[PDB]
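Asker: Provided below: my_file.tsv, containing TSV, N, CA and C atoms and all ligand atoms.
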chain	number	residue	atom	x	y	z
A	19	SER	N	-8.06	25.74	5.25
A	19	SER	CA	-8.62	24.36	5.26
A	19	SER	C	-7.77	23.46	4.37
A	20	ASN	N	-7.84	23.71	3.06
A	20	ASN	CA	-7.07	22.91	2.11
A	20	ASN	C	-5.57	23.09	2.34
A	21	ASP	N	-5.16	24.33	2.60
A	21	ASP	CA	-3.75	24.62	2.84
A	21	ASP	C	-3.26	23.89	4.09
A	22	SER	N	-4.08	23.89	5.13
A	22	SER	CA	-3.71	23.23	6.38
A	22	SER	C	-3.66	21.71	6.19
A	23	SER	N	-4.38	21.22	5.18
A	23	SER	CA	-4.41	19.79	4.90
A	23	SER	C	-4.68	19.56	3.42
A	24	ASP	N	-3.76	18.85	2.76
A	24	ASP	CA	-3.91	18.57	1.33
A	24	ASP	C	-4.73	17.29	1.12
A	25	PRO	N	-5.45	17.20	0.02
A	25	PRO	CA	-6.29	16.00	-0.30
A	25	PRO	C	-5.44	14.76	-0.56
A	26	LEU	N	-4.17	14.97	-0.89
A	26	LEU	CA	-3.26	13.86	-1.17
A	26	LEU	C	-3.09	12.98	0.07
A	27	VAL	N	-2.95	13.61	1.23
A	27	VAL	CA	-2.78	12.87	2.47
A	27	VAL	C	-4.03	12.04	2.78
A	28	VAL	N	-5.19	12.67	2.62
A	28	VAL	CA	-6.46	11.99	2.88
A	28	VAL	C	-6.63	10.81	1.93
A	29	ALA	N	-6.31	11.03	0.65
A	29	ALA	CA	-6.44	9.97	-0.34
A	29	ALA	C	-5.53	8.80	0.00
A	30	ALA	N	-4.33	9.10	0.47
A	30	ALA	CA	-3.38	8.04	0.83
A	30	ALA	C	-4.01	7.08	1.83
A	31	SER	N	-4.59	7.63	2.89
A	31	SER	CA	-5.22	6.80	3.91
A	31	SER	C	-6.39	6.01	3.32
A	32	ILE	N	-7.17	6.68	2.48
A	32	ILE	CA	-8.32	6.04	1.85
A	32	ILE	C	-7.87	4.89	0.94
A	33	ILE	N	-6.81	5.12	0.18
A	33	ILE	CA	-6.30	4.10	-0.72
A	33	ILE	C	-5.88	2.85	0.05
A	34	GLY	N	-5.17	3.05	1.15
A	34	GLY	CA	-4.71	1.92	1.96
A	34	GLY	C	-5.88	1.22	2.64
A	35	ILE	N	-6.72	1.99	3.31
A	35	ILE	CA	-7.87	1.43	4.01
A	35	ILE	C	-8.86	0.81	3.02
A	36	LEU	N	-9.13	1.52	1.92
A	36	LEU	CA	-10.07	1.03	0.92
A	36	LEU	C	-9.60	-0.28	0.32
A	37	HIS	N	-8.32	-0.32	-0.05
A	37	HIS	CA	-7.75	-1.52	-0.63
A	37	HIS	C	-7.88	-2.69	0.34
A	38	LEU	N	-7.66	-2.41	1.62
A	38	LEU	CA	-7.74	-3.44	2.63
A	38	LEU	C	-9.15	-4.02	2.70
A	39	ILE	N	-10.16	-3.19	2.54
A	39	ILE	CA	-11.52	-3.69	2.60
A	39	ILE	C	-11.75	-4.74	1.52
A	40	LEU	N	-11.29	-4.45	0.31
A	40	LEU	CA	-11.46	-5.40	-0.79
A	40	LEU	C	-10.52	-6.59	-0.64
A	41	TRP	N	-9.26	-6.32	-0.31
A	41	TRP	CA	-8.28	-7.38	-0.15
A	41	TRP	C	-8.63	-8.29	1.03
A	42	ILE	N	-9.10	-7.68	2.12
A	42	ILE	CA	-9.48	-8.45	3.30
A	42	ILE	C	-10.67	-9.36	2.98
A	43	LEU	N	-11.65	-8.81	2.27
A	43	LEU	CA	-12.84	-9.57	1.92
A	43	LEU	C	-12.47	-10.78	1.06
A	44	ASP	N	-11.53	-10.59	0.15
A	44	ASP	CA	-11.11	-11.68	-0.72
A	44	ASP	C	-10.57	-12.85	0.11
A	45	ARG	N	-9.73	-12.54	1.09
A	45	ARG	CA	-9.15	-13.57	1.94
A	45	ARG	C	-10.11	-13.95	3.06
A	46	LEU	N	-11.12	-13.12	3.27
A	46	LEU	CA	-12.10	-13.38	4.33
A	46	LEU	C	-12.85	-14.67	4.05
A	47	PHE	N	-13.29	-14.85	2.81
A	47	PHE	CA	-14.03	-16.04	2.44
A	47	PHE	C	-13.15	-17.28	2.53
A	48	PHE	N	-11.92	-17.17	2.02
A	48	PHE	CA	-10.97	-18.28	2.04
A	48	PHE	C	-9.59	-17.80	2.47
A	49	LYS	N	-8.83	-18.69	3.09
A	49	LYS	CA	-7.49	-18.35	3.56
A	49	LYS	C	-6.59	-17.99	2.37
B	19	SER	N	2.37	17.91	20.65
B	19	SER	CA	2.49	16.44	20.41
B	19	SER	C	1.71	16.08	19.15
B	20	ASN	N	0.39	16.18	19.22
B	20	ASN	CA	-0.45	15.86	18.07
B	20	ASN	C	-0.17	16.81	16.91
B	21	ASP	N	0.00	18.09	17.23
B	21	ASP	CA	0.28	19.09	16.21
B	21	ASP	C	1.61	18.79	15.52
B	22	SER	N	2.61	18.42	16.31
B	22	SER	CA	3.93	18.11	15.77
B	22	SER	C	3.88	16.85	14.92
B	23	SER	N	2.89	16.00	15.18
B	23	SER	CA	2.74	14.75	14.44
B	23	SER	C	1.28	14.33	14.41
B	24	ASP	N	0.73	14.17	13.21
B	24	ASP	CA	-0.67	13.78	13.06
B	24	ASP	C	-0.80	12.25	13.08
B	25	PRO	N	-1.92	11.74	13.54
B	25	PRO	CA	-2.17	10.26	13.61
B	25	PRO	C	-2.27	9.63	12.21
B	26	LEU	N	-2.56	10.47	11.21
B	26	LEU	CA	-2.69	9.98	9.84
B	26	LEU	C	-1.37	9.39	9.35
B	27	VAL	N	-0.27	10.06	9.67
B	27	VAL	CA	1.05	9.59	9.25
B	27	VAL	C	1.37	8.25	9.91
B	28	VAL	N	1.10	8.16	11.21
B	28	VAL	CA	1.36	6.93	11.95
B	28	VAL	C	0.51	5.79	11.40
B	29	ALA	N	-0.76	6.07	11.14
B	29	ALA	CA	-1.66	5.06	10.61
B	29	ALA	C	-1.16	4.55	9.26
B	30	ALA	N	-0.67	5.46	8.43
B	30	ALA	CA	-0.17	5.08	7.11
B	30	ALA	C	0.89	3.99	7.23
B	31	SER	N	1.87	4.21	8.10
B	31	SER	CA	2.93	3.23	8.30
B	31	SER	C	2.36	1.92	8.83
B	32	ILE	N	1.42	2.03	9.77
B	32	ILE	CA	0.80	0.84	10.36
B	32	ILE	C	0.02	0.06	9.30
B	33	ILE	N	-0.70	0.77	8.45
B	33	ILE	CA	-1.48	0.12	7.40
B	33	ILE	C	-0.58	-0.68	6.47
B	34	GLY	N	0.53	-0.08	6.06
B	34	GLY	CA	1.46	-0.75	5.16
B	34	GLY	C	2.14	-1.93	5.85
B	35	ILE	N	2.70	-1.67	7.03
B	35	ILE	CA	3.39	-2.71	7.78
B	35	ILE	C	2.42	-3.81	8.21
B	36	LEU	N	1.25	-3.41	8.70
B	36	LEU	CA	0.26	-4.37	9.17
B	36	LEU	C	-0.20	-5.27	8.02
B	37	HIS	N	-0.50	-4.66	6.89
B	37	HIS	CA	-0.94	-5.41	5.73
B	37	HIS	C	0.13	-6.41	5.31
B	38	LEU	N	1.38	-6.00	5.39
B	38	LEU	CA	2.48	-6.86	5.01
B	38	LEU	C	2.54	-8.09	5.91
B	39	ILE	N	2.26	-7.92	7.19
B	39	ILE	CA	2.30	-9.05	8.09
B	39	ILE	C	1.31	-10.12	7.64
B	40	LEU	N	0.10	-9.71	7.30
B	40	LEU	CA	-0.91	-10.66	6.85
B	40	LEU	C	-0.61	-11.17	5.44
B	41	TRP	N	-0.25	-10.26	4.55
B	41	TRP	CA	0.05	-10.64	3.17
B	41	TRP	C	1.29	-11.53	3.11
B	42	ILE	N	2.30	-11.20	3.91
B	42	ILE	CA	3.53	-11.99	3.94
B	42	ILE	C	3.24	-13.40	4.46
B	43	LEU	N	2.43	-13.49	5.50
B	43	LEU	CA	2.10	-14.78	6.09
B	43	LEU	C	1.38	-15.66	5.07
B	44	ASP	N	0.49	-15.05	4.30
B	44	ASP	CA	-0.25	-15.80	3.29
B	44	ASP	C	0.70	-16.47	2.30
B	45	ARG	N	1.70	-15.71	1.84
B	45	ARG	CA	2.67	-16.24	0.89
B	45	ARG	C	3.77	-17.00	1.61
B	46	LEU	N	3.86	-16.82	2.92
B	46	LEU	CA	4.89	-17.50	3.70
B	46	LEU	C	4.70	-19.01	3.65
B	47	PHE	N	3.46	-19.45	3.82
B	47	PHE	CA	3.16	-20.88	3.80
B	47	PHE	C	3.41	-21.46	2.41
B	48	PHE	N	2.95	-20.75	1.38
B	48	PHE	CA	3.12	-21.20	0.00
B	48	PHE	C	3.57	-20.04	-0.89
B	49	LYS	N	4.31	-20.36	-1.94
B	49	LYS	CA	4.80	-19.35	-2.86
B	49	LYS	C	3.63	-18.63	-3.54
C	19	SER	N	8.71	25.32	-6.34
C	19	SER	CA	7.93	24.21	-6.95
C	19	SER	C	8.27	22.90	-6.24
C	20	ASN	N	9.50	22.44	-6.44
C	20	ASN	CA	9.94	21.20	-5.81
C	20	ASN	C	9.94	21.33	-4.29
C	21	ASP	N	10.40	22.48	-3.80
C	21	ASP	CA	10.44	22.72	-2.36
C	21	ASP	C	9.03	22.70	-1.78
C	22	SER	N	8.09	23.33	-2.48
C	22	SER	CA	6.71	23.38	-2.02
C	22	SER	C	6.08	21.99	-2.05
C	23	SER	N	6.62	21.12	-2.89
C	23	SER	CA	6.10	19.76	-3.02
C	23	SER	C	7.22	18.81	-3.44
C	24	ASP	N	7.46	17.78	-2.64
C	24	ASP	CA	8.51	16.81	-2.94
C	24	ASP	C	7.96	15.69	-3.84
C	25	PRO	N	8.80	15.11	-4.67
C	25	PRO	CA	8.38	14.01	-5.59
C	25	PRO	C	8.00	12.73	-4.83
C	26	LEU	N	8.47	12.63	-3.59
C	26	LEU	CA	8.18	11.45	-2.77
C	26	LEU	C	6.68	11.34	-2.52
C	27	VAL	N	6.04	12.47	-2.23
C	27	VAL	CA	4.61	12.47	-1.96
C	27	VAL	C	3.83	12.05	-3.21
C	28	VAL	N	4.22	12.60	-4.35
C	28	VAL	CA	3.55	12.28	-5.61
C	28	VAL	C	3.73	10.80	-5.93
C	29	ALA	N	4.94	10.29	-5.74
C	29	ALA	CA	5.22	8.89	-6.02
C	29	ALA	C	4.36	7.99	-5.14
C	30	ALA	N	4.21	8.37	-3.88
C	30	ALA	CA	3.41	7.58	-2.95
C	30	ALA	C	2.01	7.34	-3.51
C	31	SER	N	1.36	8.42	-3.94
C	31	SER	CA	0.02	8.31	-4.50
C	31	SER	C	0.03	7.44	-5.76
C	32	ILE	N	1.04	7.63	-6.60
C	32	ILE	CA	1.16	6.87	-7.83
C	32	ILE	C	1.35	5.38	-7.53
C	33	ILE	N	2.18	5.08	-6.54
C	33	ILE	CA	2.44	3.69	-6.18
C	33	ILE	C	1.16	3.00	-5.74
C	34	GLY	N	0.38	3.68	-4.90
C	34	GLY	CA	-0.87	3.10	-4.42
C	34	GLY	C	-1.89	2.97	-5.54
C	35	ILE	N	-2.11	4.06	-6.27
C	35	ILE	CA	-3.07	4.05	-7.37
C	35	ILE	C	-2.63	3.11	-8.48
C	36	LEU	N	-1.34	3.16	-8.83
C	36	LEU	CA	-0.82	2.31	-9.89
C	36	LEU	C	-0.97	0.84	-9.54
C	37	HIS	N	-0.60	0.49	-8.32
C	37	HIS	CA	-0.70	-0.88	-7.87
C	37	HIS	C	-2.14	-1.35	-7.94
C	38	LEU	N	-3.06	-0.47	-7.58
C	38	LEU	CA	-4.48	-0.81	-7.60
C	38	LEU	C	-4.93	-1.14	-9.01
C	39	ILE	N	-4.43	-0.42	-9.99
C	39	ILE	CA	-4.83	-0.68	-11.36
C	39	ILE	C	-4.48	-2.12	-11.75
C	40	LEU	N	-3.27	-2.55	-11.42
C	40	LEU	CA	-2.86	-3.91	-11.74
C	40	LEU	C	-3.55	-4.93	-10.84
C	41	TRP	N	-3.61	-4.64	-9.54
C	41	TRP	CA	-4.24	-5.55	-8.60
C	41	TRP	C	-5.74	-5.67	-8.86
C	42	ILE	N	-6.37	-4.55	-9.18
C	42	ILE	CA	-7.80	-4.55	-9.48
C	42	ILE	C	-8.09	-5.37	-10.73
C	43	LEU	N	-7.26	-5.19	-11.75
C	43	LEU	CA	-7.44	-5.91	-13.01
C	43	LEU	C	-7.33	-7.41	-12.78
C	44	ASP	N	-6.40	-7.82	-11.94
C	44	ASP	CA	-6.21	-9.23	-11.66
C	44	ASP	C	-7.49	-9.84	-11.09
C	45	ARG	N	-8.10	-9.14	-10.13
C	45	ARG	CA	-9.34	-9.63	-9.52
C	45	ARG	C	-10.55	-9.27	-10.37
C	46	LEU	N	-10.36	-8.36	-11.32
C	46	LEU	CA	-11.45	-7.95	-12.19
C	46	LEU	C	-11.95	-9.11	-13.03
C	47	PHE	N	-11.02	-9.87	-13.60
C	47	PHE	CA	-11.38	-11.01	-14.43
C	47	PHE	C	-12.06	-12.10	-13.59
C	48	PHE	N	-11.49	-12.38	-12.42
C	48	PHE	CA	-12.03	-13.40	-11.53
C	48	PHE	C	-12.05	-12.89	-10.09
C	49	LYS	N	-13.00	-13.40	-9.31
C	49	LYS	CA	-13.13	-12.99	-7.91
C	49	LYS	C	-11.87	-13.38	-7.13
D	19	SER	N	19.15	17.32	9.39
D	19	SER	CA	19.04	16.12	8.51
D	19	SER	C	17.77	15.36	8.84
D	20	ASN	N	17.74	14.75	10.02
D	20	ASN	CA	16.58	13.98	10.45
D	20	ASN	C	15.36	14.89	10.59
D	21	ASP	N	15.58	16.08	11.15
D	21	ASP	CA	14.49	17.04	11.33
D	21	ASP	C	13.91	17.46	9.98
D	22	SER	N	14.80	17.70	9.02
D	22	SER	CA	14.36	18.12	7.69
D	22	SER	C	13.63	16.98	6.98
D	23	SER	N	13.90	15.75	7.40
D	23	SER	CA	13.26	14.58	6.81
D	23	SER	C	13.18	13.45	7.83
D	24	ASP	N	11.96	12.98	8.08
D	24	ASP	CA	11.76	11.90	9.05
D	24	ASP	C	11.90	10.54	8.37
D	25	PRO	N	12.34	9.53	9.10
D	25	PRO	CA	12.51	8.15	8.54
D	25	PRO	C	11.17	7.51	8.17
D	26	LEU	N	10.09	8.02	8.74
D	26	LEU	CA	8.76	7.48	8.46
D	26	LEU	C	8.41	7.66	6.98
D	27	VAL	N	8.73	8.83	6.43
D	27	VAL	CA	8.44	9.10	5.03
D	27	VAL	C	9.23	8.16	4.13
D	28	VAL	N	10.51	7.99	4.44
D	28	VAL	CA	11.37	7.11	3.65
D	28	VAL	C	10.87	5.68	3.72
D	29	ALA	N	10.51	5.24	4.92
D	29	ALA	CA	10.01	3.88	5.10
D	29	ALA	C	8.74	3.66	4.28
D	30	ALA	N	7.87	4.66	4.26
D	30	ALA	CA	6.63	4.55	3.50
D	30	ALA	C	6.91	4.18	2.05
D	31	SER	N	7.82	4.92	1.42
D	31	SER	CA	8.17	4.66	0.03
D	31	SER	C	8.77	3.26	-0.12
D	32	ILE	N	9.63	2.89	0.82
D	32	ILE	CA	10.28	1.59	0.79
D	32	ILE	C	9.25	0.47	0.94
D	33	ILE	N	8.29	0.66	1.84
D	33	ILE	CA	7.26	-0.35	2.06
D	33	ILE	C	6.46	-0.59	0.78
D	34	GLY	N	6.07	0.49	0.11
D	34	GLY	CA	5.29	0.37	-1.12
D	34	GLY	C	6.13	-0.24	-2.24
D	35	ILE	N	7.31	0.32	-2.46
D	35	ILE	CA	8.19	-0.17	-3.52
D	35	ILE	C	8.65	-1.59	-3.22
D	36	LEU	N	9.03	-1.85	-1.98
D	36	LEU	CA	9.52	-3.17	-1.59
D	36	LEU	C	8.43	-4.22	-1.78
D	37	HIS	N	7.23	-3.91	-1.32
D	37	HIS	CA	6.11	-4.83	-1.46
D	37	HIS	C	5.85	-5.13	-2.93
D	38	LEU	N	5.97	-4.11	-3.76
D	38	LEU	CA	5.74	-4.28	-5.19
D	38	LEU	C	6.75	-5.26	-5.78
D	39	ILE	N	7.98	-5.21	-5.33
D	39	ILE	CA	8.98	-6.11	-5.87
D	39	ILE	C	8.57	-7.56	-5.63
D	40	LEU	N	8.11	-7.86	-4.42
D	40	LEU	CA	7.69	-9.22	-4.10
D	40	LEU	C	6.35	-9.55	-4.77
D	41	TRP	N	5.40	-8.62	-4.69
D	41	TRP	CA	4.09	-8.84	-5.28
D	41	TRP	C	4.18	-8.94	-6.80
D	42	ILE	N	5.02	-8.11	-7.40
D	42	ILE	CA	5.19	-8.13	-8.85
D	42	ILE	C	5.81	-9.46	-9.29
D	43	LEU	N	6.81	-9.92	-8.55
D	43	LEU	CA	7.48	-11.17	-8.88
D	43	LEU	C	6.50	-12.33	-8.83
D	44	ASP	N	5.61	-12.32	-7.84
D	44	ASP	CA	4.63	-13.38	-7.70
D	44	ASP	C	3.77	-13.48	-8.96
D	45	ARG	N	3.30	-12.34	-9.45
D	45	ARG	CA	2.47	-12.31	-10.64
D	45	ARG	C	3.32	-12.35	-11.91
D	46	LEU	N	4.61	-12.09	-11.75
D	46	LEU	CA	5.52	-12.10	-12.89
D	46	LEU	C	5.59	-13.48	-13.53
D	47	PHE	N	5.71	-14.50	-12.69
D	47	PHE	CA	5.79	-15.87	-13.18
D	47	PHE	C	4.48	-16.29	-13.84
D	48	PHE	N	3.37	-15.97	-13.18
D	48	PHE	CA	2.04	-16.32	-13.69
D	48	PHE	C	1.09	-15.13	-13.56
D	49	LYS	N	0.11	-15.06	-14.46
D	49	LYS	CA	-0.86	-13.97	-14.44
D	49	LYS	C	-1.67	-14.01	-13.15
E	101	LIG	BR1	3.35	2.48	-0.81
E	101	LIG	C1	2.34	3.77	0.15
E	101	LIG	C2	1.21	3.52	0.80
E	101	LIG	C3	0.77	4.65	1.36
E	101	LIG	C4	1.61	5.65	1.07
E	101	LIG	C5	1.45	7.07	1.52
E	101	LIG	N1	2.38	7.33	2.62
E	101	LIG	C6	2.58	8.72	3.07
E	101	LIG	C7	3.58	8.79	4.26
E	101	LIG	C8	3.80	10.24	4.73
E	101	LIG	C9	4.37	11.09	3.59
E	101	LIG	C10	3.39	11.07	2.43
E	101	LIG	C11	2.05	11.68	2.88
E	101	LIG	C12	1.49	10.84	4.03
E	101	LIG	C13	2.48	10.85	5.20
E	101	LIG	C14	1.26	9.39	3.56
E	101	LIG	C15	3.17	9.62	1.94
E	101	LIG	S1	2.74	5.18	0.24
Translate this file's structure into structure tokens.
Ligand SMILES: Brc1ccc(C[NH2+][C@]23C[C@H]4C[C@H](C[C@H](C4)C2)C3)s1
Answerer:
Amino acid sequence: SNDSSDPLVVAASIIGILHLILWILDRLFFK
Amino acid sequence: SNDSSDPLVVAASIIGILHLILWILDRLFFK
Amino acid sequence: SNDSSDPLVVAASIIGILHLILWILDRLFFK
Amino acid sequence: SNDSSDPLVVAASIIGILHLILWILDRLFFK
């Protein structure tokens, strides 16, 4: 399980997607 | 196909490049 | 050690997490 | 060469580091 997939890869996607949620919301209210 | 390449890797590039398009445009109009 | 894990992967996580620390702090003071 | 290392990985690092150069400069002048 872990060997077939490392948590680093999952975190990478989460960091990008998660950041977008906050960053998108910031610009969502105003351009 | 999928085994040789996971969608997570592709998404990572898209997230970075995609975000840049929006982030770049924001600063494109003004410094 | 290095072969089992490349520094590029580690740097990637650091770049995302590190950037968040600075970016988060910027928005931390003000929305 | 290419098989041992894909351009996607290299681009990922460049995207993060490159973005930081521009993003850092923006905040460099002002907080
Ligand atoms: Br900057 C930055 C944002 C996201 C980053 C993670 N990218 C990778 C690309 C590929 C190599 C590793 C692990 C997976 C797949 C995610 C790093 S680096």
Asker: Once you count all atoms listed in the file, which residues end up within 8 Å of ligand LIG 101 (chain E), and could you hand them over as a PyMOL selection string?
Answerer: (chain A and resi 26-31+33-34) or (chain B and resi 26-31+33-34) or (chain C and resi 26-35) or (chain D and resi 26-38)
Asker: Could you find all residues in chain D that DSSP calls alpha helix (DSSP H) from the backbone, and write them as a list in words?
Answerer: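 Assigned to alpha helix (DSSP H), within chain D: residues 25, 26, 27, 28, 29, 30, 31, 32, 33, 34, 35, 36, 37, 38, 39, 40, 41, 42, 43, 44, 45, 46 and 47 of chain D.
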Asker: Rounded to one decimal in Å, what is the spacing between atom C of residue A:24 and atom C of residue C:22?
Answerer: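 Computing it gives 12.2 Å between the two atoms.
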Asker: Mind pulling up the distance from atom N of residue C:42 to atom C of residue A:23?
Answerer: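 Computing it gives 27.3 Å between the two atoms.
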Asker: Between atom CA of residue D:19 and atom CA of residue A:21, what is the distance, to one decimal in Å?
Answerer: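 Separating atom CA of residue D:19 from atom CA of residue A:21 is a distance of 25.0 Å.
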Asker: Closest to chain C among D:25, D:39, D:20, D:49, using all atoms listed in the file?
Answerer: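 Of the candidates, the smallest distance to chain C is held by D:49.
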Asker: Any chance you could model N, CA, C and O atoms for stretch 27-49 of chain D and send them as a short mmCIF file (atom, residue, chain, number, x, y, z; two decimals), keeping the file's coordinate frame?
Answerer:
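The resulting out_11.cif:
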data_model
loop_
_atom_site.label_atom_id
_atom_site.label_comp_id
_atom_site.auth_asym_id
_atom_site.auth_seq_id
_atom_site.Cartn_x
_atom_site.Cartn_y
_atom_site.Cartn_z
N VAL D 27 8.73 8.83 6.43
CA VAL D 27 8.44 9.10 5.03
C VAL D 27 9.23 8.16 4.13
O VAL D 27 8.70 7.59 3.17
N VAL D 28 10.51 7.99 4.44
CA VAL D 28 11.37 7.11 3.65
C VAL D 28 10.87 5.68 3.72
O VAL D 28 10.82 4.98 2.70
N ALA D 29 10.51 5.24 4.92
CA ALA D 29 10.01 3.88 5.10
C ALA D 29 8.74 3.66 4.28
O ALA D 29 8.56 2.61 3.68
N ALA D 30 7.87 4.66 4.26
CA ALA D 30 6.63 4.55 3.50
C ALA D 30 6.91 4.18 2.05
O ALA D 30 6.32 3.24 1.51
N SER D 31 7.82 4.92 1.42
CA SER D 31 8.17 4.66 0.03
C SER D 31 8.77 3.26 -0.12
O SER D 31 8.46 2.54 -1.06
N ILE D 32 9.63 2.89 0.82
CA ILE D 32 10.28 1.59 0.79
C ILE D 32 9.25 0.47 0.94
O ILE D 32 9.33 -0.54 0.25
N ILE D 33 8.29 0.66 1.84
CA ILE D 33 7.26 -0.35 2.06
C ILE D 33 6.46 -0.59 0.78
O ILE D 33 6.19 -1.73 0.41
N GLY D 34 6.07 0.49 0.11
CA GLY D 34 5.29 0.37 -1.12
C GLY D 34 6.13 -0.24 -2.24
O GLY D 34 5.70 -1.19 -2.89
N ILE D 35 7.31 0.32 -2.46
CA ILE D 35 8.19 -0.17 -3.52
C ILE D 35 8.65 -1.59 -3.22
O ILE D 35 8.68 -2.44 -4.12
N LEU D 36 9.03 -1.85 -1.98
CA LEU D 36 9.52 -3.17 -1.59
C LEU D 36 8.43 -4.22 -1.78
O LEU D 36 8.68 -5.29 -2.35
N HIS D 37 7.23 -3.91 -1.32
CA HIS D 37 6.11 -4.83 -1.46
C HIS D 37 5.85 -5.13 -2.93
O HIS D 37 5.55 -6.27 -3.29
N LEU D 38 5.97 -4.11 -3.76
CA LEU D 38 5.74 -4.28 -5.19
C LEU D 38 6.75 -5.26 -5.78
O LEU D 38 6.40 -6.04 -6.65
N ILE D 39 7.98 -5.21 -5.33
CA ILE D 39 8.98 -6.11 -5.87
C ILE D 39 8.57 -7.56 -5.63
O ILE D 39 8.65 -8.39 -6.54
N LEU D 40 8.11 -7.86 -4.42
CA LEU D 40 7.69 -9.22 -4.10
C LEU D 40 6.35 -9.55 -4.77
O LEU D 40 6.18 -10.64 -5.32
N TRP D 41 5.40 -8.62 -4.69
CA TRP D 41 4.09 -8.84 -5.28
C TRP D 41 4.18 -8.94 -6.80
O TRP D 41 3.51 -9.78 -7.42
N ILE D 42 5.02 -8.11 -7.40
CA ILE D 42 5.19 -8.13 -8.85
C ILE D 42 5.81 -9.46 -9.29
O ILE D 42 5.39 -10.04 -10.29
N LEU D 43 6.81 -9.92 -8.55
CA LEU D 43 7.48 -11.17 -8.88
C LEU D 43 6.50 -12.33 -8.83
O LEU D 43 6.54 -13.23 -9.67
N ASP D 44 5.61 -12.32 -7.84
CA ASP D 44 4.63 -13.38 -7.70
C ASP D 44 3.77 -13.48 -8.96
O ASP D 44 3.53 -14.57 -9.47
N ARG D 45 3.30 -12.34 -9.45
CA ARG D 45 2.47 -12.31 -10.64
C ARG D 45 3.32 -12.35 -11.91
O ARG D 45 2.81 -12.59 -13.00
N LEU D 46 4.61 -12.09 -11.75
CA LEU D 46 5.52 -12.10 -12.89
C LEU D 46 5.59 -13.48 -13.53
O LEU D 46 5.53 -13.62 -14.75
N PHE D 47 5.71 -14.50 -12.69
CA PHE D 47 5.79 -15.87 -13.18
C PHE D 47 4.48 -16.29 -13.84
O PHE D 47 4.47 -16.90 -14.91
N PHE D 48 3.37 -15.97 -13.18
CA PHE D 48 2.04 -16.32 -13.69
C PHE D 48 1.09 -15.13 -13.56
O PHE D 48 1.24 -14.30 -12.67
N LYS D 49 0.11 -15.06 -14.46
CA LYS D 49 -0.86 -13.97 -14.44
C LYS D 49 -1.67 -14.01 -13.15
O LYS D 49 -2.14 -15.08 -12.79
#
